[PDB]
Ligand SMILES: COC1=C(OC)C(=O)C(C/C=C(\C)CC/C=C(\C)CC/C=C(\C)CC/C=C(\C)CC/C=C(\C)CC/C=C(/C)CC/C=C(\C)CC/C=C(\C)CCC=C(C)C)=C(C)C1=O
Ligand code: SF4
Ligand code: SF4
Ligand code: SF4
C-alpha cells in the first residue's frame, strides 16, 4: 500500500492546490472549462441532500449524524423527503424483496446527477441476513452504488467519513472537461 | 398604474428568463418511463389524482364568499368619517358589526361552523 | 423458545409488542384524518423489525 | 391544588388525575394564559435561552472521538514480536462467526507449521460482533481501532489475508496498546 | 424633468428586486444558522468561509439539476406555476412605503390584500397541475388555509387603518413618531403574527408543504428549476410580511438604519417560532380563524369605532 | 395607447371564453379577464378603489369554484384548437395594428378622469374617495346598506337550510 | 484503591428525579390588570400624537 510521504520528503512537496485538475491547462479554452468545471463541483459538493430513507437499524445512526454531536448540516447536508429534490440516497438497512421494487422506483425518480451511499452490512452485501429467503443480497444488485460504508451499524463518524468521500468524489467529476475532448 | 404595469411586465420577463436559463443550464439525460412516473412513496398508484375529492368544509366555503362581500362595506368606513353625519355613521356602523357578530354566533351555536361529521 | 437437546434451537418464536398494537390501528384511527393518524402511529410506539421477524 | 378524580394506591403514579378547579382565582389564571399566549411564552423563553449555550458540535475530522479501548472496528491479523503470524488456522473464528463471513484454508507449511494459505473476511457480511476476537486462542484476529475504511467499490470490501496482514502492521502499535489495557477484563 | 422621473422608478424597482432576491438567499442561510443554534447544533459552517457563501453554493445545484417532466401532469401549467409564484412575491414589494417616492399607492393597504390572495393560486395550480395524490392534497390544504385567514386578515388591517385615517402606508410614520402601535395593539400584534404565519405557510401553520403529513406537499413533484423559484417565492413572502410588521407596529422609519435592524429581528422571530411550536391540525386552524379570530377582530372595530368617535369629539 | 390594447385583449379573451369546455380552462380565461376589466374600469374613474374591491370580491369566488370544480368536474379534458389559436392570434395582431393607426383622441372615453376635471372644481381636492363613497352611510341612502345587511344575513340562513350539512359530505357519486 | 467499579465510600449523592416547575411571575389579575393600564396609557399618548 502506498504509504504517506515522510516529513522531510513532504517538506519539499508543493502546496497541493484546491482544484484536482491543477492549473496546467495548455489553452485558454481548456483552462476556462477546468475552472468552470470546479464551479459546478463546488456547487454540487457543497449541498448534498439525502432522501431520508431510513429502512432499518442503520437508520437510527443515520439520525445521529444529524444530531448536534456531528451535525451533518455543517457540511451543507440537509435531509429532504421528496425524491425529486433529493440528490443523494443513503440506503441504510436490509433491502428485502418486498422493498426492492420500491427502492428502484424511488431511485429512478431521483433526478441526475444522483449518487447512492450504502450504509452498513445489510445494504452492502446482505449483511447478517445474507442467506435469508427474502433478502436482496446487497443493494448494488438493484441500484448502482457510489460509496460503501461498512459497519453494523456504521459509527456516526464512520458515516461522516463516508459522506466526505462522496464530496471528494463529487469534487473530481470531469463533466465539462470531458465534453471538450468529446 | 401605467408605471406599475410596465414594471409588472418587466419583472415577469425577468423571472421568465430565470427558468429559461435553468432549462438550458440543467443537466440533460434521457427520460425514462419510470423517471417521469408520479411520486407516491415508491409504490405504483392505485387512483388517479383526478378522482372526485370529497369535501367537508363546503358550508364554510360558501360562507367565505359572503363574509368577504361585507368586507367591501366596512372598508369605506374610515374614508368617510370626517365627511359624514356622526349619528348616521355611528349608528349604521355599529348595527353593521353587531349584525355580523350575531350572524356568526348564531351559526356557531347552531354548529354549522363545525365540519361535516 | 423450543430446544430439542441439540446445540441449536429448534424454533424461536418472538413476540413483538407492536404486533398487537398495529393490528388495532384498523379501528383506533378510523374516522380520523392524516394528521391524527400520523400522531397515532407515533404513540403506538412501533419499532419495525419487531413486527417483521 | 385541586383534588384527584381517582384515589391512588401505593407504588403508582398518575399522569392525568388532578381535576380542574372552578374558583375564579384559578379560572382567570387559566383564562389569562389561554388569552395572552401565556403557555407559549415560556416555551419561547426556553428556546431563545439555548442560543446562549456553547453548541455541542465537534469539528470533525480535526476533532473527533471519543471512543474506548473496547471499540470494535476493522479487522487485522496480528503477529508475534518475532514477526511470525499468530494465526495457526485453528478455525474457531470461522465456526463462531455468526455471519459466516470468514473463510479459511490451511496447509502444512514448508517448515511444517500449521498455517493458513487462505484467510478471507467478507466485510459486507460481517456484523462486527467481535466473537472472532474472543474465540481466537492466540489473539491472532482482532477488530482494530479503525472505523474509516469506506470504499468506492464492493470488491474492495472483501479482505484477503494480505490485506488483513497489512492492517495488522499499519495498526500494530495501537492494537497492542488496546489489548494490554483491556485483556484483564476479557 | 418628467421624462426622467419614470426612469428612476424603473431603477428603484430593479434595485429593490435584486436586493430582495439577494436577501432571500441570505435569509435562507440565516434560517439555517439560527434554527441550527436554537437546536444545540452549529449550523452551516464549512462551505467557503464560515458558511456565508452557503446559499449561493446551493443555487448552483438547483440549476445544474435536470427538470422533471411528470408523466401525468399538464406540462404547461406545471411549468408556469413557479413563475407566477415568484412574480407575485416580488411584485407585492412595489407598495412598500418609501419617503423617497417609488410609487404613490394611495389605497396601498388594499393592494396588499389583493396580492397576498393571489399567492394561493400558484400553490393551488402547481399542486393540481402536478397530478399526484400528495400534490393535490397539498393544494387543497393550501386553499382551506385561505378560507380561514383571508377574512380575518382584512378586518385586522381595518383596525390599524382606523388609527391612521387612510389606506396610504406613509401615514403610519407620522402617527408612530412618539411611540409604537405595538403598545396600543398588543393582542393584535400577537394575533397579526399568527395570521402572518398562515400567509407564508409556516410552522405551526405549515399545511401546503405539510412535511411529515404529506411527503413534501404541493412541491413533491417539482425539481431543479421549478422547485427553486417556489422556494425563493416562499422566503420573499416572509421578508415582506416581516417588513409589513415593522411599518405597522415598530415605528416605520424607513429611512432610518434601525428600521432594518428591526426588520431582520422580525425575520428572526419567524425562524424562532418555527423552532418552537408543533404544527396545528388541519381543521383546528379553520376553527381558530372563524371561532376566535374573526369574533376577536370584530370586537375591536367597535372599540376603535368608539375610540375614534370619542377622539373625534375632542379633536 | 394601452386603453385600445385593453379593448383588444378583453375582446380576444372573450372570443376564446365562448369556446372553452373544460371548467378550469373557463376559470383561467375568466381570471385573466377579471384582471383586465378591473384595470380598464379604473381608467375611466377618479380612483381605482372599485377595481381593488371588484378584484378582491371575485378572487373569493375564484377559489371557491375551484374547490367545487376539483370535487365535481375533476376528470375532464383539454383540446388545443389550432383553429382557435390562429383565429385569436390573427385578430389580436389585427386589432393591435389598428390601435397604432387609430385617432386615439377619438377613441378615448368621455368619462372624466380625476385629471380630466377642471382646476376650479373645489370638490376634487379632497381625499381620493371621500365624497363618492360618502352617502353610502348618510341619510337616507344608508338604509339601503342596512337592508343589504339583513339580506346578507338572511342569505346566510338560506345556505345552511338549503345545504343541510348534517346529512353528509359532498362527493361526485 | 478499589479493584472493581464500585460505589464510592459512602455512596453517590441522591439523584434529582422530581419535576421542578419554572419561576411564575404573572397571575390572571396582574396580567389582565396590566393590559388595561398599558392600553389606557397607549390611548393617552396616541391622543397627543
Ligand atoms: C433528520 O431529521 C430531520 C428531518 O426529517 C426528515 C427534516 O425534514 C429536516 C428539515 C429541514 C428543513 C425544512 C430546513 C429548511 C430548508 C429547506 C426547506 C430546503 C433546503 C435548501 C436550503 C436551506 C438552501 C436555500 C436556498 C435555496 C433552496 C435556493 C434559493 C435561490 C437562490 C439562493 C438563488 C438566489 C439568486 C441570486 C441571483 C443570488 C446571487 C447569484 C447567484 C446565486 C449566482 C450563482 C452563480 C453563477 C451565476 C455562476 C456565474 C459564474 C461565472 C460568471 C464564471 C431537519 C433539519 C431534520 O433534522
Ligand atoms: S447493517 Fe447492522 S445496523 Fe445496519 S440495518 Fe443491518 S443489522 Fe442493523
Ligand atoms: S466480528 Fe463477528 S461477524 Fe464479524 S468476522 Fe468477527 S465473528 Fe464474524
Ligand atoms: S481463531 Fe485465531 S488462530 Fe484460529 S483460525 Fe481464527 S485467527 Fe487463526
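Residue numbering for chain D follows Swiss-Prot; the residues present correspond to positions 32-217, in that order.
Just so you know, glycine gets a Cβ as well, placed from its N, Cα and C.
The [4Fe-4S] cluster 1 binding site annotation in Swiss-Prot covers D:118, D:121, D:124, D:128, and the record cites sequence analysis as its basis. Under the DSSP three-state reduction, residue D:121 ([4Fe-4S] cluster 1 binding site) is assigned to coil, being neither helix nor strand. Within the same chain, residues at least 6 positions away in sequence whose Cβ sits under 8 Å from that of residue D:121 ([4Fe-4S] cluster 1 binding site) are D:167, D:168, D:169.
In the three-state DSSP reading, residue D:157 ([4Fe-4S] cluster 2 binding site) counts as coil. Sequence annotations record features per position, and here Swiss-Prot assigns [4Fe-4S] cluster 2 binding site to D:157, D:160, D:163, D:167.
The annotation domain '4Fe-4S ferredoxin-type 1' is assigned in Swiss-Prot to D:109-138.
Residues annotated as domain '4Fe-4S ferredoxin-type 2' in Swiss-Prot, with sequence analysis given as evidence: D:148-177. DSSP labels the residues of the domain '4Fe-4S ferredoxin-type 2' (D:148-177) in these numbers: 5 helix, 9 strand, 16 coil.
A 10 Å radius around the C-alpha of residue D:124 ([4Fe-4S] cluster 1 binding site) takes in these binding-site residues out of D:157, D:160, D:163, in sequence order: D:163. For the recorded [4Fe-4S] cluster 1 site, residues D:118, D:121, D:124, D:128 set the reference point as the centre of their Cβ atoms, and the other residues of that chain within 8 Å of it by Cβ are D:120, D:122, D:123, D:125, D:126, D:127, D:133, D:135, D:163, D:166, D:167, D:171, D:172. Listed in sequence order, D:103, D:129, D:130 are the same-chain residues at least 6 apart in sequence whose CB falls under 8 Å from the CB of residue D:160 ([4Fe-4S] cluster 2 binding site).
Excluding D:157, D:160, D:163, D:167, which define the [4Fe-4S] cluster 2 site, the same chain contributes D:106, D:124, D:127, D:128, D:132, D:133, D:159, D:161, D:162, D:164, D:165, D:166, D:172, D:174 within 8 Å (Cβ to the Cβ centroid), listed in sequence order. In terms of local Cβ density within 10 Å, D:157 ranks first among the binding-site residues D:118, D:124, D:128, D:157.
Taken in sequence order, the binding-site residues D:118, D:121, D:128, D:167 that lie near ligand 3, meaning a CB under 6 Å from one of its atoms, are D:128. Between the CA atoms of residue D:157 ([4Fe-4S] cluster 2 binding site) and residue D:128 ([4Fe-4S] cluster 1 binding site) there is a gap of 8 Å.
When the binding-site residues D:163, D:167 are compared by the number of other C-beta atoms lying within 10 angstroms of their own C-beta, D:167 comes out lowest.
Among the binding-site residues D:124, D:128, D:157, D:163, D:167, the ones with a Cβ under 8 Å from a Cβ of chain A are D:157. With respect to their backbone Cα atoms, residue D:118 ([4Fe-4S] cluster 1 binding site) and residue D:163 ([4Fe-4S] cluster 2 binding site) stand 12 Å from each other.
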